[PDB]
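One chain comes next, on its own, written out as structure tokens in the form deposited in one PDB entry.
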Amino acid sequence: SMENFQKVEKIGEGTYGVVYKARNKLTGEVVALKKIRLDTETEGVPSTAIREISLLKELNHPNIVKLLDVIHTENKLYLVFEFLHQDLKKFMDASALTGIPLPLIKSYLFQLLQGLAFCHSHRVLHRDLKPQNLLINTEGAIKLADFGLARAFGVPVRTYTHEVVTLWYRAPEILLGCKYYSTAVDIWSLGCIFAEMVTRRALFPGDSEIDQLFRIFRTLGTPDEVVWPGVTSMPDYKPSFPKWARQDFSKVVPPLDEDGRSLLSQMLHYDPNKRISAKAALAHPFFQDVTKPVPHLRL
């Protein structure tokens, strides 16, 4: 089964399982192998694996990590993925002194929006976009990875799992306990990541749910009924919330040009209905000169 794979080293542990770098001995292909223990569950095959595999088999796209094969045992399931070279978090740290060039930020954002638009068109929410889950290669590609928190949605949505998205990248409608959320939560995450590529620090690094909300409110203004109809009836809204004035976006991400600021602001719109779709975002004027540069990789 695994006869043809040679393990090289461990990469990390995502939402579930463990990921190793390996190579195919017959073809030479370098792969990432995700090992999933079944004997640890005499609950059986975990729901995260069932979702990740069924959805990833449908999602074939150049900016979505490619599931090549699924290898069974009674005791282990191995997912074979295309191998990428590093995550965006590592790349951002490697760039600390020198900065990420704008062409490359633009290229990466454009590509991520293509991947996300594809997901959303195929009724999939990712629900865990963050730099650790965004993988780059030596050729200038970036791809969505770790679909262990993903799910298939219906139109219109119902109530889905609340305990969702890493805190720093979590949308206000989830923090306020809204009954329904949808594709707009992934765009929110991406907007936080766009700001983060530019500054090299997380836009809203909160330490709790209430700290997260207050950090968001200090940057974008405390939302009211005018900016976001229905906020004040949302389950975890408090009328005691401090009322902060909105910051002008040229202070939020000072290196960003007018087009960039416009795009970021539509991605961080409070009202999920008004928040820009990935599809619509691909046509924003920010991308009119987009290219695909190759990054400086220090593997």
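So that there is no doubt, residue numbering starts at 1 and follows the sequence shown. Whichever C-alpha set is largest while still superposing within 1.5 Å between the two forms counts as the rigid core.
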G44 dropped in a third or more of the other entries: yes
115-123 or 96-104, whichever carries the higher mean Cα B-factor: 96-104
I need to verify one thing: averaged over C-alpha atoms only, is the B-factor higher for 72-80 or for 140-148? 72-80
When the entry's CA B-factors for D259, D271, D248, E52 are compared, the highest one belongs to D248
Using the temperature factors in the entry, find which of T40, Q266, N63, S240 has the highest value at its Cα atom. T40
For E163, return the chain-relative third of its C-alpha B-factor as stated in the PDB record: lowest, middle or highest. highest
Quick one: classify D87 as lowest, middle or highest third of the chain based on its Cα B-factor. middle
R170 - Cα temperature factor, lowest/middle/highest third of chain: lowest
Rank-wise, by C-alpha B-factor, drop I11 into the lowest, middle or highest third of its chain. highest
Where does the C-alpha B-factor of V19 rank in its chain, lowest, middle or highest third? highest
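Although it is not shown, the form deposited with a small molecule bound is what the next lines describe.
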Among 102-110, 72-80, 192-200, 207-215, the stretch whose residues bring a heavy atom within 4.5 Å of the small molecule in the entry with it bound is 72-80
Is it the case that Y169, even though its partner is missing from this view, gets within 4.5 Å of the small molecule in the entry with it bound, heavy atoms only? no
Touches the small molecule in the entry with it bound: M234 (any heavy atom, 4.5 Å): no
Decide whether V155 counts as a contact residue for the small molecule in the entry with it bound under a heavy atom distance cut-off of 4.5 Å. yes
Whether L263 contacts the small molecule in the entry with it bound should be assessed with a 4.5 Å heavy atom distance threshold; does it? no
Just one of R51, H61, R261, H269 has a C-alpha that shifts by 2 Å or more between the shown form and the other one on a rigid core fit; which is it? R51
Once the core is superposed between the shown form and the other one, does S208 show a C-alpha displacement of at least 2 Å? no
Examine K25 after superposing the rigid core and state whether its CA is displaced by 2 Å or more between the shown form and the other one. yes
Inspect the rigid-core superposition and answer whether the C-alpha of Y78 shifts by 2 angstroms or more between the shown form and the other one. yes
Pair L38/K130, Cα separation in the entry with it bound versus the displayed form, closer or farther by 3 angstroms or more: closer
Taking the shown form as the reference, report whether the CA atoms of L125 and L77 lie closer or farther apart in the entry with it bound; the distance changes by 3 angstroms or more. closer
